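**Student:** Here's a structure for you.
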Amino acid sequence: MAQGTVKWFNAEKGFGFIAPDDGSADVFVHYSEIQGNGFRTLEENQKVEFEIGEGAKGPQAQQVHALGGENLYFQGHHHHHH
Numbered sequence: 001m002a003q004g005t006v007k008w009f010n011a012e013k014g015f016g017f018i019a020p021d022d023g024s025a026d027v028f029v030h031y032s033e034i035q036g037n038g039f040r041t042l043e044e045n046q047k048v049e050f051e052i053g054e055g056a057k058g059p060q061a062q063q064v065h066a067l068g069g070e071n072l073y074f075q076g077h078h079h080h081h082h
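This is the structure in structure tokens:
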């Protein structure tokens with residue numbers, strides 16, 4: 001297993017790269033391997049968990065589950081006070 005942060009992901013094409021927490025070997029992401037909430041996509045600068053395997057472009061992220069990270073959205077901006 002491995003975790004990291006998707007450094008960039010092309011949602012249109014369905015591929016990208018993650019910077020693993022394991023020292024970041026630049027793991028290649030592919031939408032078919034992504035395990036999301038219905039989406040097979042990732043957001044740039046998002047935390048993620050995956051399994052590094054061997055692909056044509058080097059290390060490939062298999063079973064790519066989006067961890068998220070910054071989950072404090074829609075709690076501010078407009079009236080962070082009752």
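The deposited numbering puts the first residue of the sequence shown at 1, with every later residue one more than the last. Note that CB positions come from ideal geometry on N, CA and C, so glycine has one too.
#1: Under the DSSP definition of a beta bridge, which residues are partnered with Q35?
#2: How is the beta strand (DSSP E) around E51 delimited, first residue to last?
#3: From the DSSP output, in three-state form, read off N10 for me.
#4: Please look up how many angstroms separate the CB atoms of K47 and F28, rounded, as I've assumed it's under 8 Å.
#5: Among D22, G38, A25 and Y73, which residue has its Cα nearest to the Cα of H65?
**Tutor:** On the basis of the supplied data:
#1: Looking at the DSSP assignment, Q35 forms no beta bridge with any residue, so it has no partner.
#2: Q46 to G55
#3: strand
#4: Not really, about 17 Å apart at Cβ, beyond 8 Å.
#5: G38
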